[PDB]
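Here the structure comes first, spelled out in structure tokens, and everything after it is commentary.
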Amino acid sequence: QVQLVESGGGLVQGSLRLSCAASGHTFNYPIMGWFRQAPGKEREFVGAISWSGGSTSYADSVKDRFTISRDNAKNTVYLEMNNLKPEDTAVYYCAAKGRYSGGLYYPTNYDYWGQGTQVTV
Amino acid sequence: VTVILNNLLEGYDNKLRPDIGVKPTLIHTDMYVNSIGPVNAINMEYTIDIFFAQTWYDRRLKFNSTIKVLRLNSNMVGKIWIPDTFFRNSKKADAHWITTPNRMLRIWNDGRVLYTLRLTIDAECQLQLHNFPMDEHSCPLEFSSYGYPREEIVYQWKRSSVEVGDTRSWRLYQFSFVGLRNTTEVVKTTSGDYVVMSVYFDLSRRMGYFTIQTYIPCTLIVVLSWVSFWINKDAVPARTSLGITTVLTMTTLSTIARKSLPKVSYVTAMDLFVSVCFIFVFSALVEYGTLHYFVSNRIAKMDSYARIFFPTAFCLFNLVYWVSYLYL
Amino acid sequence: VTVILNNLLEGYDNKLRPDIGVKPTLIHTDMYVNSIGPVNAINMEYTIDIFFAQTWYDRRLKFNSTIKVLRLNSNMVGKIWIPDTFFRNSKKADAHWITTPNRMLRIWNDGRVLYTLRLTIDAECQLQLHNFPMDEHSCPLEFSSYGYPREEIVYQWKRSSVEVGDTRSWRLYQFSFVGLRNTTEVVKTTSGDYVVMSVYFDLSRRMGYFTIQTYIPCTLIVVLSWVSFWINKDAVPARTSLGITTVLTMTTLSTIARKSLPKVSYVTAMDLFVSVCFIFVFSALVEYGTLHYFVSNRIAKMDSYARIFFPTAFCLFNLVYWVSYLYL
Amino acid sequence: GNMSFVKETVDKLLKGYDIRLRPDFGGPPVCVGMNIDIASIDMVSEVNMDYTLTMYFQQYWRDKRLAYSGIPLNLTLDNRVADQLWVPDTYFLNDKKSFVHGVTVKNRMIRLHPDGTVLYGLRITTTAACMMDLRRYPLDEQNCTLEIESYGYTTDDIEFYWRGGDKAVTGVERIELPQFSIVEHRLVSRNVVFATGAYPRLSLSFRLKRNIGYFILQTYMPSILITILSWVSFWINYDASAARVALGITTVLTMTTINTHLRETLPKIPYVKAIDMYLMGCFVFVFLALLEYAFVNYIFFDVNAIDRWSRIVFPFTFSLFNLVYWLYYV
Amino acid sequence: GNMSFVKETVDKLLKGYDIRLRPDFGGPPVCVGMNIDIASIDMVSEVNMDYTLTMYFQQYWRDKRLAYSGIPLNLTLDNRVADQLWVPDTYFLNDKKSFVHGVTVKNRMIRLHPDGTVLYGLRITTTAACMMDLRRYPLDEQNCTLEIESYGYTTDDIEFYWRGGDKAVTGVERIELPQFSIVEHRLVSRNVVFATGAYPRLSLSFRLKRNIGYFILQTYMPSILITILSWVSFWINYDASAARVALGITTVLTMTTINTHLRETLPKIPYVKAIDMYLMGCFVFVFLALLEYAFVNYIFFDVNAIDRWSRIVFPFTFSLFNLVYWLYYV
Amino acid sequence: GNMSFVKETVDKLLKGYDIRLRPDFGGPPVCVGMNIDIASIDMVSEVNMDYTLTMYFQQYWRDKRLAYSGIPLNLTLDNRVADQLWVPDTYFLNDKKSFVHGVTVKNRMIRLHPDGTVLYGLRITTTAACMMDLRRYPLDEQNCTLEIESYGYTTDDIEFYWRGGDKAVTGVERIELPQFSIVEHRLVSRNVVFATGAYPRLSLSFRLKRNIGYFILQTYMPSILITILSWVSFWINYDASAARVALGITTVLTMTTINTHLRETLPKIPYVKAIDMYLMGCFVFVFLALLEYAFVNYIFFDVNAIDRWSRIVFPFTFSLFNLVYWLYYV
Ligand SMILES: *[C@@H]1O[C@H](CO)[C@@H](O[C@@H]2O[C@H](CO)[C@@H](O[C@@H]3O[C@H](CO[C@H]4O[C@H](CO)[C@@H](O)[C@H](O)[C@@H]4O)[C@@H](O)[C@H](O[C@H]4O[C@H](CO)[C@@H](O)[C@H](O)[C@@H]4O)[C@@H]3O)[C@H](O)[C@H]2NC(C)=O)[C@H](O)[C@H]1NC(C)=O
Ligand SMILES: *[C@@H]1O[C@H](CO)[C@@H](O[C@@H]2O[C@H](CO)[C@@H](O[C@@H]3O[C@H](CO[C@H]4O[C@H](CO)[C@@H](O)[C@H](O)[C@@H]4O)[C@@H](O)[C@H](O[C@H]4O[C@H](CO)[C@@H](O)[C@H](O)[C@@H]4O)[C@@H]3O)[C@H](O)[C@H]2NC(C)=O)[C@H](O)[C@H]1NC(C)=O
Ligand SMILES: *[C@@H]1O[C@H](CO)[C@@H](O[C@@H]2O[C@H](CO)[C@@H](O[C@@H]3O[C@H](CO[C@H]4O[C@H](CO)[C@@H](O)[C@H](O)[C@@H]4O)[C@@H](O)[C@H](O[C@H]4O[C@H](CO)[C@@H](O)[C@H](O)[C@@H]4O)[C@@H]3O)[C@H](O)[C@H]2NC(C)=O)[C@H](O)[C@H]1NC(C)=O
Ligand SMILES: *[C@@H]1O[C@H](CO)[C@@H](O[C@@H]2O[C@H](CO)[C@@H](O)[C@H](O)[C@H]2NC(C)=O)[C@H](O)[C@H]1NC(C)=O
Ligand SMILES: *[C@@H]1O[C@H](CO)[C@@H](O[C@@H]2O[C@H](CO)[C@@H](O)[C@H](O)[C@H]2NC(C)=O)[C@H](O)[C@H]1NC(C)=O
Ligand SMILES: *[C@@H]1O[C@H](CO)[C@@H](O)[C@H](O)[C@H]1NC(C)=O
Ligand SMILES: *[C@@H]1O[C@H](CO)[C@@H](O)[C@H](O)[C@H]1NC(C)=O
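Protein chains in written order, with this note's numbering: chain A, 63 to 183; chain B, 532 to 859; chain C, 532 to 859; chain D, 719 to 1048; chain E, 719 to 1048; chain F, 719 to 1048.
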């Protein structure tokens, strides 16, 4: 069981830093991915990071603009959003992925999800 | 002879066991233990080399000729039906192919089929390492048909079931072969009920090596700790150095004691003896520290009590320890 | 193209070498050493990775077409005759099959056949471990036809016989590649006379690791033994403890010295140096014991002689030791 | 009874049979039921982060092409007939090295049914990777999984389910690991989406709890006794310079010898294990004890007061260190 | 739908098919696209200078001989059909031992397309050599590569490219090495010229950074504390000959025990490692400390001045040695 | 000369040939001559009680079915032709793991003769078990054998003999074992009777003598010097309690360190080895030496007389112990 709570997403027009706190058996779910769901649209992948190691992967739309970092001691994943654009108006979600859950881009492969923060720019 | 072989294989279906729907196929099996390999206590496995021979009746192979036996090649084995005998507790087993497949296939005019193959088996033997090294183990060897239940294939030991060698050429350098027994039983699984033949080898560990390596050095170190009791209390650098170095010596001996056993949690008799000996040498230095403090500042005659209590306690512990593990 | 391949294999007997009774088959071989693996001193073997290429003429494969070369599949190799080249000193050799059989078969209209296969070989290299670690070894690599004698198959190096890489990507972390030579010779056996091609790799062990690990600590401990000579004779617990502990320290260093060499009986230079150093620390404590007894009961000035004799003897031993092994 | 009649029936089933095509090709996906009978868990390696598993792997599916009539029996055929029949492309995703036993023959079972039901059993010894969180080692709990998945066929062509529900996997209680205890096992069925498509997935996970008895006796007790043995120096008189100094480094020497042996049995994990913290903590205490005598000797050449303060503080601090350490990892 | 119709189509494709001849034989070279899905990096061995890699190796190419019409589907055939189809002679140049998993079957995938596109996937566990520069060990950075090359076909007959550009290799982030961290991975496409001709080459390289946490706690800290413990002798009074001498060799004895255990876990590299310099440097300092008491005892039998000078110099020199050492290797 | 003519002759020999039937089937047993050319003896393992042997194994027999006329040459055929010819079912009874080298091809030779004589050569690397009597270790002599026997054919169907008499086995002198020396080799031909019948047997035995040089320098000399170093305590004055006690346990400590390293390289044999007796004997002497000072200190607090008696007795007793020990094992 893993509990995910994300915070730090406000309403602006800019650099934002979203933090996702984790608790429980986080080792069994070492991959953390960020997802956004625009109204009237399916949930969209943003970026997936591993708890251990620290290697990163980002979507093409948010490449070189959004950076994600994590620390196992704090058990928190930080998503840094820079150069915001009006297309970034979606409910940002934090999800945990099992080690053998397959592809990162598909939200179905993720088991535990956060509440979801509403960000409008 | 060639015509006879062609007729036997012509119109023969190897996918079907003899008497597929008539009655269960009775298979007579007997084993010749060529040698028993080393017993791996770490992996709880033992190597065994045997000449596994199976006998069964197949009426499809009957032939009328003056020759009443046909010793055939190993390639002939794949042409006819062969029982799917497998060893249940075998972690890894191999059949030697040097210089040729070491298999025998003899067919009589009666239709009786003798199939003998040489096998090297690393069977699984769960070892209860309590009372180590005085432990006694019974390593089994279970084999049965993999796919054919008791309603289709039934095994049965012959009049000479398990044949052993001289037992001196056997590769057992730690244990000593003391017993042998064969058993027949039926085990129910999800697929069905299968007749399982088990051979139990009784092995008793030989304590000569462990006694010399660990027991004697540990006992002597404990005796060396008692030496500090006779050295007078004024020689502070002498008794202190003797006590601490004996503890260091016991630490060296403790590491080498459990260098072959696996990481089993339960306290073996070897671990218990070393741990108790470690306390005695530890208590010897603590005794002097208590004696030194009170003398520098009854208790004054603690040396006299120590010269009696410590040897008596260790002798009492040895009496209880050896009786509890050599008899029980 | 497909018709050409069918014609070549049709009426072709792979059991017979080209020019079976006409003349011996001349085979041109050249080797590209992709990398030389670690040298196992314990097993006296070394790993080598090569692209072994062989060239020979087979008139049965001549074809007249505009295409003058036919790069074929690895499965085509089994269809035609292939020389039975084997490595005589190979303990274990493998041909990689990932992702496909790493073999090349090119046939020209001339009838010349090029057959190249990638091989990893653990060749046998008997190591004379005298003068270790300053030893120098020449590991050979011998290959020849297994069944065809010199009257039927003759090998011959090409103009670029042995091709080496950068030698920096090579897996030699202990030795340093210094020499390379190729030789052709005929060896007479019971079956007959066979032409044997040998490649000798000259390897010189690098002494940097051993010098730091063993020589410097052993030398410093010997110097520490000389420290007891300057401590005055009245400090009995000091000089006695210093001498005995240095002996214990040398014992710890002696065990770790021969932790990679096999159990060769002959005294290596590393073993000789450690043994001599063990005597010096042993003699230092014996010297004090002799000094202590006579003083408690010339000899009285043994400390002055020891302060000169011991450093001089060890320096003299080092001068003889290093010269005898760095030059001879 | 009639072996020839049975032989003709089997030949009829195999005639025109295409192994390359799955049952119900171009139609609904074929449901494959799997049950596992565990034989033993031979090894659990922390250094390699994997475990060795031996089991009876069985698969159930219906193939109408193999349906036969007129024979009211279950045909248990030779294992070599499986080469002429379609079998699911089942593979283990997390396995590192696996094989099927072939003594005296391939441990393979094919059992046909009149309606076309096929039973396919294999005795497989597999080495499956299992990432281990060793922060709480040796008081850690491990969740080692066995992933079962189809390689080529997606969910549109094949589906996996546990046959028997939670009873699909048996023999767990028989497992006797010398170092671990099987706390629980779980069965998970889910779909995993890849670039090529979604594939069925079956997961078998074991929760392993390490046995603390071996490490408590082997490692913790010698370390505690040496640290207590270092406190003996405080009782020794301050003028006994040779005795107290010799007691100091020898305890330090003893601690190093214990430390060298213990750390060898584990991989190089950067994070601090519970065993790592305890060994280093004890080594600091004995180091401070010799430092304590240094200050005593220097000021002597209050000296009694320093020794008395050291005596009260050291056992209290070490007890506090133990209490914090044990609560953190328990 | 019609299995017989699909069977006839497959038989038509295989009829007259020549595995010995590559697609577009005698024409333009066939372009082969490769993508790799990493499963795990099991081991990284310094002694053997190699690493073990498990991956899903996939190849893409067009074969007009296998083009089929009338079936608007991608035919996922049994893995045994690959033996009847041409596949590139792809091999790894730097591998030492590789195999394809065969449980429960060969982990092989063949997927055909109507235009003749062939998808060939393999699950391969390979051990590839990786030369390691251990001068800065254990603070070193390693660049381990995986060379992909055609064995027989030259650039005139076959060409290699990464399918998907920089996205051709995935699963790198999932790799969890206990001793290393994957800093970066790079994809390189180039042509390598040999005596037989020029061959296409694909290179996958990982930059590995060793984790320093284990060695700092295990190796450096005990060495530092022993050296500091040797400086305690300076505080001890000069007349305490037994105490100071016993402190000396025992610290030397302790340093040797640490040195013996540490050097075993590495190959014999002649050059000086960072760990090599630190261990020997500490062993020299403790050696000099006992030499320092020798001079003190001799002159005694200024003596206080020698001890005072030693006290100022030794911690300063050791700190200077540490500062130079750390700056050099960081 | 005429390759087609030779090809027709070979095809004629193979036409109608039955591999399943031995030569002279139903008649006199076929005599098989065997000669062995030893390549090297790679390893001799005491722990596993086996040795690794590489050799050229050759067999000679006459098969009238393979007799050919008109070709006055010895046909050296490809190794793959052996699959179409009958070969004896020769196996090694005491082998544990054996294989035939297959690089670059199977190291197999088939040479036919006009009269039907067949030469069959194999390069085989075999690991054969060898029980070792280690009572006199390391001064022991070992007799390792290689048993050659037919598996299925009894003496009525096949017979074995050494071709060339005592010259059947060559290359013995070339063997260079680092730890052993080949004293002698013997060739034995006999018949072994089993339940199934009597089988021919050929035995090749090597008498190995272990080299004592390594153990004398490595093990005996340090043990002797430590024991002599313990006798130094007798010369030391009785009042030097700290010195003599420190000399005692440190010698005991040194003996334990030597003992721990030495016993690791051998299996656990209950009987007392020569090395076992020597190590324990030395450990008793140093133990008694510290006990000797205990009695001295107690009576002191004749005391000179006890030391003098100890001095005469200990070197004499140890010399007597050495003399008895060496005579017993030499
Ligand atoms: C070792 O570690 C592994 C990995 O972390 C753990 O595996 C997880 O186990 C839990 C159960 O304990 C799994 O949760 C279950 O997932 C099922 C699969 O659902 C997927 O597929 C369906 C479609 O078939 C989708 O609709 C769904 O979104 C998922 O994609 C669910 O069906 C289960 O739901 C059931 O239980 C929940 C409550 O838990 C109910 O609300 C539901 O109604 C229903 O009854 C369940 O949620 C999880 O998927 C596993 N993850 C992985 C990666 O395998 C092991 O449990 C762990 N073992 C030990 C011993 O610690
Ligand atoms: C581990 O170490 C290896 C080396 O051992 C590193 O691999 C090198 O990676 C670099 C890139 O980082 C490679 O450099 C590139 O080489 C390409 C190959 O070009 C060859 O072929 C073309 C024809 O196809 C020829 O024209 C050309 O002359 C070469 O023969 C170049 O095409 C690349 O050029 C591109 O970038 C440069 C700028 O860098 C531009 O100027 C160009 O226009 C073009 O865009 C580039 O130069 C290098 O070849 C690799 N070496 C080997 C041996 O493969 C690994 O990167 C390293 N690992 C890590 C993690 O660092
Ligand atoms: C390692 O250990 C093995 C096992 O002990 C030794 O092998 C033995 O070697 C001896 C010779 O050194 C063998 O003794 C000889 O046996 C021959 C075979 O006899 C059998 O078969 C014949 C029929 O062929 C029967 O009649 C007979 O009863 C046996 O069943 C004999 O033919 C030999 O006789 C010759 O020598 C004797 C004197 O020794 C003469 O009197 C005879 O006239 C004749 O010349 C001989 O008796 C023994 O059989 C071997 N045993 C086994 C089990 O192999 C190895 O030699 C040893 N190696 C080393 C290096 O020590
Ligand atoms: C052949 O196998 C089938 C499947 O296992 C058997 O059918 C089962 O029979 C048992 C009783 O023996 C029932 O409890 C199950 O419910 C049945 N299952 C199904 C799917 O039918 C069948 O009995 C077997 N027949 C023979 C002759 O052994
Ligand atoms: C068969 O596979 C091909 C190749 O992957 C598929 O063609 C791709 O289809 C996707 C949409 O599903 C497109 O985004 C790609 O651009 C297509 N690639 C090419 C090269 O055409 C095809 O759709 C698959 N067909 C089926 C029935 O699954
Ligand atoms: C066990 O073997 C003996 C051998 O004589 C045999 O008589 C007995 O019947 C066997 N036991 C069983 C249960 O078959
Ligand atoms: C060795 O190789 C060289 C390579 O140039 C060649 O010239 C020479 O002839 C070779 N030696 C023999 C004996 O073939």
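C-beta atoms are modelled at their ideal positions from N, C-alpha and C, and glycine is treated no differently.
Asked: Strictly below 7 Å CB to CB, what residues from chain D border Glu-894 (chain E)?; Found: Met-849
Asked: Confirm, please, whether the CB-CB distance from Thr-863 (chain F) to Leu-922 (chain F) is below 8 Å.; Found: yes
Asked: Using the DSSP secondary-structure output, state which residues sit across from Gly-696 (chain B) in a beta bridge.; Found: Per DSSP, none; premise fails for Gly-696 (chain B).
Asked: Please go through the segment 794-854 of chain C and give each complete alpha helix (DSSP H) segment of 4 or more residues, from N-terminal end onward.; Found: 800-827
Asked: Go through its chain and collect everything with a Cβ distance to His-661 (chain B)'s Cβ below 8 Å, but skip five positions before and after it.; Found: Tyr-797, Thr-799 and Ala-800
Asked: State the Cα-Cα distance for the pair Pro-1033 (chain D) and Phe-1003 (chain D), rounded to the nearest angstrom.; Found: 10 Å
Asked: Across the segment 1027-1042 of chain E and the segment 942-952 of chain E, are there enough close Cβ pairs to call them in contact, namely three or more that are closer than 8 Å?; Found: yes
Asked: Does the segment 597-615 of chain C come close enough to the segment 568-577 of chain C to have 3 or more Cβ pairs within less than 8 Å?; Found: no
Asked: Can you name, in chain order, every residue of its own chain whose Cβ lies under 6 Å from the Cβ of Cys-749 (chain E), other than the five neighbours on each side?; Found: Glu-877
Asked: Tell me, which residues are paired with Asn-713 (chain B) by DSSP?; Found: B:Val-730
Asked: May I ask you to list, following chain order, the residues of the segment 880-893 of chain E that have a beta carbon less than 7 Å from some beta carbon of chain A?; Found: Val-890, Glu-891, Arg-892 and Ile-893
Asked: Is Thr-715 (chain C) close to ligand 7? I mean its beta-carbon at under 7 Å from any heavy atom of the ligand.; Found: yes
Asked: Note down the Cα distance separating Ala-1023 (chain E) from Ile-762 (chain C), rounded to an integer number of angstroms.; Found: 19 Å
Asked: Can you list the residues of chain G that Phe-804 (chain B) reaches, using a CB-CB cut of under 8 Å?; Found: No chain G appears in this structure, whose protein chains are A, B, C, D, E and F.
Asked: Since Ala-624 (chain B) sits in a beta bridge, which residues does DSSP pair it with?; Found: B:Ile-652
Asked: Looking at the unbroken beta strand (DSSP E) that takes in residue 690 (chain F), where does it start and where does it end?; Found: With chain F covering 719 to 1048 only, the question about residue 690 (chain F) has no answer from this structure.
Asked: Does the separation of the CB atoms of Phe-912 (chain D) and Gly-164 (chain A) fall below 8 Å?; Found: yes
Asked: Note down the Cα distance separating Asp-834 (chain C) from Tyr-769 (chain E), rounded to an integer number of angstroms.; Found: 58 Å
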